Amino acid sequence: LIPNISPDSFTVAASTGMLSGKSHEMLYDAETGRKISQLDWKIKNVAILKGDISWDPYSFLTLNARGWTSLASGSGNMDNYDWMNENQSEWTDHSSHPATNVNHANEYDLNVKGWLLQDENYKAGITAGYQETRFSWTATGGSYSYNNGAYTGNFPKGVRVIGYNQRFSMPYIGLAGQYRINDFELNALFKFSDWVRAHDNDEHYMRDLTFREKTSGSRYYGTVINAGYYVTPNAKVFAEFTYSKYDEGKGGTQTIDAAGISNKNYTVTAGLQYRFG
């Protein structure tokens, strides 16, 4: 059958707000599993713009493209701990880099929703999609405690020390629900994957080393919740909260195992949704 092309089958949304979260760049001894290295990359505050395009070609089927992107460089933090001494549990080395920027971040999520239950107030379905999320940081300056506190001091202000990028991609499955009572509307979504593929890239500028890691078959959990009010029949003002957790996977390391790549993130935004027609 020929999909619905009526203007009212089409809805667009945009919101703005903030993204925050934390990533981990991990290294383990591939024999004992002993954690030898851990860099924690913080996303403290990044302004984002979030977009959504949704089309209902059929009553039971919605096609959706959504994502968000950083509006400018944001603030972050990085800490780098290393366990060089196999005998000792405490770390031998630590550097701290408060002057770490989140250069950019984004996410894209292309999905379908198959609506299986519906009445006047409630629509519920199964969703499946493809999603990718990327973050980029640059750590500059900072301080260090090396070789069990034998060497301590600071790195030169503004000098870039480590550059780091992560990306996670996956197909996911989920449950989506939509409640509408008069002018109030609530949407809730729960997403999951058991097959995340992750990559990262690390430029150690003071060692002229580039590291690359990749893992596959790791888990993801995500939620989306939004609530809003229709101020016209076609226009809804709303707020939205999202949470995503990319569990650590186990994979290989490259220098130009065993590596772990992980992330959690949150967004809080507010905006407007508009249905045509």
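When you see a residue number, it is the position in the sequence shown, counting from 1.
Engineer: According to the PDB entry, how many deposited residues between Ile256 and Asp257 are absent from the model (none, 1 to 3, 4 to 9, 10 or more)?
Structural biologist: Gap between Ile256 and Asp257: 10 or more residues without coordinates.
Engineer: Out of 89-97 and 167-175, which stretch has the higher average CA B-factor listed in the record?
Structural biologist: In the deposited entry, the stretch with the higher C-alpha B-factor mean is 89-97.
Engineer: Name the higher of the two by mean Cα B-factor in the PDB entry, 245-253 versus 42-50.
Structural biologist: It is 245-253.
Engineer: Between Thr223, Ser70, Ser216, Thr232, which one tops the list for Cα B-factor in this entry?
Structural biologist: It is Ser216.
Engineer: Comparing recorded Cα B-factors across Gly149, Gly129, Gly125, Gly74, which one is largest?
Structural biologist: Largest recorded C-alpha B-factor: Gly149.
Engineer: Taking the C-alpha B-factors as the PDB entry records them, is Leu272 in the lowest, middle or highest third of its chain?
Structural biologist: Ranked within chain, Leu272 CA B lands in the lowest tercile.
Engineer: Going by the CA temperature factor in the PDB record, which third of the chain does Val161 belong to: lowest, middle or highest?
Structural biologist: Highest third, going by the recorded CA B-factors of the chain.
Engineer: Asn106's Cα B-factor: lowest, middle or highest third of the chain?
Structural biologist: Lowest third.
Engineer: How does the C-alpha B factor of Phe192 compare with the rest of the chain: lowest, middle or highest third?
Structural biologist: Within its chain, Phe192 is a lowest-third residue by C-alpha B-factor, going by the deposited values.
Engineer: Just say lowest, middle or highest third for the CA B-factor of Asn154 relative to the other modelled residues in its chain.
Structural biologist: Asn154: CA B-factor falls in the highest third of its chain.
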